[PDB]
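First, one chain by itself: the form deposited in one PDB entry, in structure tokens.
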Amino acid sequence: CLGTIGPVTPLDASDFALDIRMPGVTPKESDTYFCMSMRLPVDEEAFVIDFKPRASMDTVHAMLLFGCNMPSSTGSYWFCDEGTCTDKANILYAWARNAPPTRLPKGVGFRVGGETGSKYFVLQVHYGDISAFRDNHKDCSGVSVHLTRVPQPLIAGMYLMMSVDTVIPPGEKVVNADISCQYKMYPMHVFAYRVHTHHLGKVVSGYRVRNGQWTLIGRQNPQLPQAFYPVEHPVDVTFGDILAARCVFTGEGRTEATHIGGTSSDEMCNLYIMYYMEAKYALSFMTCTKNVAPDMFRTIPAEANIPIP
């Protein structure tokens, strides 16, 4: 936080590192999410290929890195409750304390810059428990990013699944939020995933369904750290398969109905599926906001319901 490392350190011929650090912030209460931005130094296309977390051990619980064109603020920093990005927050990295970080496979890179690519990174740093004192304590937590202009042969992106149609009535023991779209692109290979809900979430499970056979992509309690969990053996998703996902909620202790689709006195059901695709057929993001094949869930594997506390 009195370091001298610089915002751009050119590496070999065609690479560079970007040090994305909080500008000396001071978290005052616990559970605080501060956000900041770095613009890419290049207008042309570029490939994020590695990450080094540089977090203050003492207090930082989680870190997220996003790629987007419109950060919710132009200030040196802001509370992330304001928003992350005004446009798509294309999530690229998540670090949790104790979580394994998930390393990109050799030759996989996120595509940024140029025409489609995100022009800004937005870093989100989550501070759990501050101590009482620490007079004026400045913190410069963040991440360094390895960019290269050398074209990568595998491109990574995010397939996002979200539920927006389903209500949790109060006191209802167990409620299933279900999500499914047909896949219609060139092949993706899912190598990681992260889940997200708020406090009524019990388990999130993601599948590839091919000719009525379910293959597990990943499965997790969303009350654990929302880092990216690795997929033991990467699952290939190809044309005509179906992605299906099930969030299990409860409505216990809840007074009125709770809606799964935004705000804060709301719930959410998101599965972030991180993939790669051969560069020439690739795209950086895909979304599913529907349940096209709802009856299919009568055959969901039993593992999808058994909780993982």
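Numbering starts at 1 and runs along the sequence shown.
Although it is not shown, the form solved in complex with a small molecule is what the next lines describe.
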item	value
Non-hydrogen atom within 4.5 angstroms of the small molecule in the entry with it bound for each of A46, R149 and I260	yes
Listed residue (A227, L104, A89, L154) with a non-hydrogen atom within 4.5 angstroms of the small molecule in the entry with it bound	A89
In the entry with it bound, the residue from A192, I168, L160, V108 that sits within 4.5 Å of the small molecule by heavy atoms	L160
In the entry with it bound, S144 touching the small molecule (heavy atom, 4.5 Å)	yes
Interface membership of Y272, the small molecule in the entry with it bound, 4.5 Å heavy atom rule	yes
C288 within 4.5 Å of the small molecule in the entry with it bound, heavy atoms	no
Interface membership of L11, the small molecule in the entry with it bound, 4.5 Å heavy atom rule	yes
Per-stretch contact check against the small molecule in the entry with it bound, the hit in 216 to 224, 194 to 202, 129 to 137, 168 to 176 (non-hydrogen atom, 4.5 angstroms)	194 to 202
